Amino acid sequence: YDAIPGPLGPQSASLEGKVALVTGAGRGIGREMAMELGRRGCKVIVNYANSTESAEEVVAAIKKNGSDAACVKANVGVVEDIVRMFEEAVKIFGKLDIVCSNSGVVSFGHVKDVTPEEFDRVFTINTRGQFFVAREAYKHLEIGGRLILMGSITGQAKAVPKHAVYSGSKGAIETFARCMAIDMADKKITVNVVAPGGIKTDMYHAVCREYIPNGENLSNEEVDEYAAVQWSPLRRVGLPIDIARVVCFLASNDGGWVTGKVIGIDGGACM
């Protein structure tokens, strides 16, 4: 029990020669996860559901930076797509070391107005989808593998109104991490959840003002000032790279004793 796990020194942070799969990697946070993982030495499998051209673009940019990459189409709202995506994936590079469950959709609405169709729309992707991506990940990962789930500050937030559906779908993920950390440990796989605050993406551009009291008439410039001054003492807006960096840490040997945890990445936000 005194044997050192992995190398001492800077090498413990290396992702050289690893093979990673990221869901929803054609845009936003997922895209940056794939890019950054590629820069650190990973062969990356870029999953997408709709954005086909964007996906082929991420694959090209990763090769340009010195790492191999490939894309695979699959909709997480369909367990069968998830099952085959993983079967294709292991055929591409021969193994799977890291899995980043990133795909997700957003939603806003007073509880009194939520329809069962909208509730199901969100949960099938944000919760049920991540669960099944995790199931297949367990079966296919190398012993000593990694699984990083995507949460949100909304799982614990206390002041965002009309956001129960989305918030609840993300809150469930924090519990999965703890419970899956136990089961998946029989394969020495760690499981954690990243919980970012607002990050500038297409998602952010579409609903940012929903998190801002009386912000319907704010200019894009004003929205970012609010985000910078209101959601962080460090006084700046969050960016995809802010998350990609933490994902890489968890994915490396440096995160070997971190499992069953929820890592908040929001610049000290209070929401």
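All residue numbers refer to positions in the sequence shown, first residue = 1.
In every other compared PDB entry of this protein that covers both flanking sides, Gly28 is modelled, so it falls short of the one-third threshold for missing coordinates.
Where the other entries of this protein model the residues before and after it, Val207 is dropped from at least a third of them. Between the stretches 134-142 and 165-173, it is 134-142 that shows the larger average CA temperature factor.
Judged by mean Cα B factor in the deposited record, 16-24 ranks above the other of 16-24 and 259-267. When the Cα B-factors of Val160, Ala185, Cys71, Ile148 are read from the PDB record, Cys71 comes out highest. Looking at the C-alpha B-factors along this chain, the one for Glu36 belongs to the middle third.
Residue-level temperature factors show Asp202 in the middle third of its chain, judged at the C-alpha atom. Among all modelled residues in its chain, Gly238 ranks in the lowest third by Cα B-factor. Among all modelled residues in its chain, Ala227 ranks in the lowest third by Cα B-factor. When the modelled residues of the chain are ordered by their C-alpha B factor, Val114 lands in the middle third.
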